[PDB]
């Protein structure tokens, strides 16, 4: 039985400008006291055509973790647009929240993220090179994909 169980994720401050940080409120239960910290990450998929464009937006070691219910508001800065292929900037991509224990990933929460212009002129005639200061990020919060993995908890 997994020592940590994620019960809920709430997507905060959504929709928002592309440049605003991601914000998630995570609720989890610890079945027993952990001897090591929990490593939380937020990973942005810069390109659905290649994993080489993944950006680790944030990484945070949280501990010691006692038994019981816990809540955590995690913020990560927006991805660096200089690393995103222009063809992937406008449209749907993915953002992931992962948790790792002793080097082993035990949970992944994924969301589709829709990046679009809000001005009608820009939506119909998008600039040749994307203007990230005019893009609105809309996380599809009602459709999280939750995947759990079997790991050695000791």
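Positions refer to the first chain, counted from 1. Basically, rigid core = biggest C-alpha set you can superpose within 1.5 Å across the two forms.
Undergrad: Between 120-128 and 93-101, report the one with more C-alpha displacement in 7 other deposited structures of this protein relative to this form after a rigid core superposition.
TA: After the core superposition, the stretch with higher RMS deviation in 7 other deposited structures of this protein is 120-128.
Undergrad: Please indicate which stretch deviates more in 7 other deposited structures of this protein: 64-72 or 106-114, judged by C-alpha RMS distance after a core superposition?
TA: Per-stretch check in 7 other deposited structures of this protein: the more divergent one is 64-72.
Undergrad: Where do the C-alpha atoms have the higher mean temperature factor in this entry, in 36-44 or in 118-126?
TA: Result of the comparison: 118-126.
Undergrad: Got a sec? Mean C-alpha B-factor, which is higher, 26-34 or 52-60?
TA: Result: 26-34.
Undergrad: Could you say whether, by C-alpha temperature factor, residue 92 belongs to the lowest, middle or highest third of its chain?
TA: It belongs to the middle third of the chain when residues are ordered by C-alpha B-factor.
Undergrad: Could you say whether, by C-alpha temperature factor, residue 106 belongs to the lowest, middle or highest third of its chain?
TA: For residue 106, whose C-alpha B-factor we compare with every modelled residue in the chain, the answer is the middle third.
Undergrad: Ranking every modelled residue in this chain by its Cα temperature factor as given in the entry, which third contains residue 143?
TA: Highest third, going by the recorded CA B-factors of the chain.
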